[PDB]
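Spelled out, the chains give:
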Amino acid sequence: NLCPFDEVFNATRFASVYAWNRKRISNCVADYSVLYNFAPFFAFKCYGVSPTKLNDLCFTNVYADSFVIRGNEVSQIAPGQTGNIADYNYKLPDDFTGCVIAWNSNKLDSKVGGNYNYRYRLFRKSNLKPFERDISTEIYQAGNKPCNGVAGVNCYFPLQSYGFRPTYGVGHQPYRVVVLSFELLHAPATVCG
Amino acid sequence: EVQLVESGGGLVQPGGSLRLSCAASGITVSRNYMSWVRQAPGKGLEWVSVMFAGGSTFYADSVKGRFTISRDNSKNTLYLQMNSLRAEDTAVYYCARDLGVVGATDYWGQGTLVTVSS
Amino acid sequence: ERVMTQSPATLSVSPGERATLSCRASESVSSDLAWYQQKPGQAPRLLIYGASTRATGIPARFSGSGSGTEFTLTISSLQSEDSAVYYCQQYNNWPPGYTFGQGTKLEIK
């Protein structure tokens, strides 16, 4: 009756912080025996819940949101934290209870040819509401028209590459991050153990 | 033409306050990453402050806690309020629109001298 | 906070020849750079961003090179008005960040 956390974390296909990936866990026994107890976890921290109580806590549903960001930007995934990734890309609430985990994927997702497949968000018109998927293909602007008919000025594309390549230092090594949010709204709990 | 014009430069006694203003043309500011730079006479340059297109601002450490950036979106202009000017801050301040990886800082302002009484 | 150091301080080359300016970083900077030419009397002017991409309009006479922690700017044929100060600006942390250099003084004869 074990949850699919295994796959979730080991699928090694993580897409992007741009239009992140989600999963709604339900109908399982949340073991946790491996969670925050596996060996290669680098950083784990939850707000609102203690780890052992967590191992004994029980809930109605779970939301996991995995993505990949640059190591120097992990400090921006935090309650109400302000920056770029946390203001225009993906913003977690202020009273968010749950924990995040981050791995230095300095080998798994990188290529000498440039593992820049993912394009993070660097141009947004207005700050994000918490958990607002804003995957879009538009041209952010300054002049009248967008780049379809203009060039140079007002020809911006919000999806900018990362350029992950091995010479990059630690501060620029792709960290894979996963955030857990436990919802408790009036419903029978299908996740406890 | 696209330009940034500045005002507020002058002289004020130390510890006093001042307010720098920046007007733009042919380009929007509300949706443009703004960055105020300054230059001491004869020395290099240093990033002073930045305001984003959503409002979340940031400041350098040397001036943290003393300067506050704001912008009158209604008439397409930027502003920087200063306080507690000490002996270092005598410098010329520039207004810039910085894009970053997609084109580094380009459009700059004529500048404004800021010296103190003594 | 990567500290950039320019070199040499001064350079005097006969008109019509090449000119070489080095700017040295302390960390890794990959291809995050730019070059500014601040003709004496007004604000600087952007010449070449990223690694070597020539800003719009900027005469082809300029050429940038280098990567990692070391970069170089090269001018094909200096005309009389090329005399100015030049600065290498890094931006490895863009929101919010930049770090300037000490500048270089270039003259003619």
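Residues numbered from 1 in each chain as written, not as in the entry; some residues may be left out. Chains lettered and ligands numbered in written order. Heavy atoms only, no water. Residues with missing side-chain atoms left out of burial classes, pairs and counts.

In the PDB header, cryo-EM is given as the technique by which the entry was determined, and 3.6 Å as its resolution.

In the annotation of the PDB entry, chain C is listed under the name TH132 Fab light chain and assigned to Homo sapiens.

If you look chain B up in the PDB entry, it shows as TH132 Fab heavy chain from Homo sapiens.

**Q** Tell me about the overall build of chain C, and name the residues and values.
**A** Across its full length, chain C holds zero helices and ten strands. Start at the N end of chain C and walk to the C end: the helices and strands fall as β-β-β-β-β-β-β-β-β-β. For the C-alpha atoms alone, the extent of chain C along its principal axes is close to 40 × 30 × 25 Å. By sequence separation, contacts in chain C at least 24 residues apart represent 55% of the contacts at least 6 residues apart. (Helix = DSSP H or I, 4+ residues; strand = E, 2+ residues; numbered from the N terminus. Contact = heavy atoms within 4.5 Å.)

**Q** Provide a residue-level description of the interface of chain C and chain B, including the pertinent values.
**A** At the interface, 17 residues of chain C touch 23 residues of chain B. Listed by contribution, the elements that provide at least two residues to the side of chain C that touches chain B are β4 (34–38) and β5 (46–49) of chain C. For the side of chain C that touches chain B, the class distribution of residues is 13 nonpolar, four polar and no charged. (Nonpolar A, V, L, I, M, F, W, Y, C, P; charged D, E, K, R; others polar.)

**Q** Before we move on, could you go through unusual backbone geometry and cite the residues and values that matter?
**A** Here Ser7(C) and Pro8(C) are connected by a cis peptide whose omega angle stands at -10 degrees. Residue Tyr32(A) is not a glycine yet carries a positive backbone phi of 80 degrees. Mapping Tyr32(A) onto the fold places it in the loop between β1 (21–25) and β2 (43–47).

**Q** An account of the environment of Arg24(C) is requested, with residue identities and associated values reported.
**A** Residues and elements named next belong to chain C. For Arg-24, the position within the fold is in strand β3 (residues 19–24). Put simply, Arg-24 and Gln-79 are 55 residues apart on the chain and 26 Å apart in space, counted from C-alpha to C-alpha. The residues touching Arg-24, leaving out its near neighbours within four places in the chain, are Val-3, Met-4, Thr-5, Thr-69 and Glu-70. At 2.8 Å, the side chain of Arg-24 and the side chain of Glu-70 are in polar contact. (Polar contact = N/O pair within 3.5 Å; in protein donor to acceptor, adjacent residues only side chain to side chain.)

**Q** So what's going on with the environment of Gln90(C)? Which residues, and what values?
**A** Residue and element names in this part refer to chain C. The residue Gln-90 is located in the loop between β9 (84–88) and β10 (104–108) in this model. Taking relative accessible area as the criterion, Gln-90 reaches 5% and is therefore assigned buried. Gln-90 has contacts with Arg-2, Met-4, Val-29, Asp-32, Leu-33, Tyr-98 and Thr-99, leaving out every residue within four places of it along the chain. (Buried < 20%, exposed > 50% of the residue type's maximum accessible area, 1.4 Å probe, protein only.)

**Q** Would you mind going over the interface of chain A and chain C in detail, with residue names and values included?
**A** On the chain C side, the residues contacting the six residues of chain A number four residues. Buried area between chain A and chain C, both sides added, is near 360 Å², and the carbon and sulfur share of it is 50%. At the junction of chain A with chain C, the criterion picks out zero salt bridges. Of the residues that constitute the side of chain A that touches chain C, the class distribution is two nonpolar, three polar and one charged. (Buried area = accessible area lost by both parts, 1.4 Å probe. Salt bridge = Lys/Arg side-chain N within 4 Å of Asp/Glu carboxyl O.)

**Q** Which residues make up the sheet that holds strand β5 (residues 45–51) of chain B, and what values do they have?
**A** Residues and elements named next belong to chain B. Taken together, the six strands give an open sheet; going across it, the order is β2-β10-β9-β4-β5-β6, and neighbouring strands pair in mixed fashion. Edge strands, defined here as strands with exactly one partner in the open sheet, are β2 (10–12) and β6 (57–59). Going across the sheet, the axis of each strand differs from the next one's by a mean of 25 degrees, ignoring polarity. (Pairing = 2+ DSSP bridges. Axes fitted to C-alpha atoms, helices over the stretch in contact; angles between N-to-C directions.)

**Q** Got a sec to walk through the sheet that holds strand β7 (residues 62–67) of chain C? Specific residues and values, please.
**A** Residues and elements named next belong to chain C. Across the sheet, which stays open at both edges, the four strands sit in the order β1-β3-β8-β7 with antiparallel pairing between neighbours. Each end of this open sheet is capped by a strand with a single partner; those strands are β1 (5–7) and β7. Pairs of neighbouring strands in the sheet enclose a mean axial angle of 20 degrees, with direction left out of account.

**Q** Give me the state of the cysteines: which residues, what numbers.
**A** All names here are of chain A. The tally for this structure, following the rule as stated, stands at six disulfides over all chains. Paired through a disulfide, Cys-147 and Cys-155 show a sulfur-sulfur distance of 2.0 Å. Across the disulfide from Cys-147 to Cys-155, rotation about the S-S bond amounts to roughly -60 degrees, and the bridge is consequently left-handed. Given a relative accessible area of 27%, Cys-147 falls into the partly exposed group. Given a relative accessible area of 27%, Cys-155 falls into the partly exposed group. (Disulfide = S-S within 2.5 Å.)

**Q** Can you explain the pattern of salt bridges? Please cite residues and give values.
**A** Residues and elements named next belong to chain B. Per the counting criterion, the structure on display carries eleven salt bridges over all chains. With its nearest N and O atoms 2.4 Å apart, the salt bridge here joins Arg-38 to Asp-89. With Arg-38 in strand β4 (residues 34–39) and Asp-89 in the loop between β8 (77–82) and β9 (91–97), the pair connects residues that are 51 residues apart, well separated along the chain. On the basis of relative accessible area, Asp-89 is assigned to the buried category, the value being 2%.

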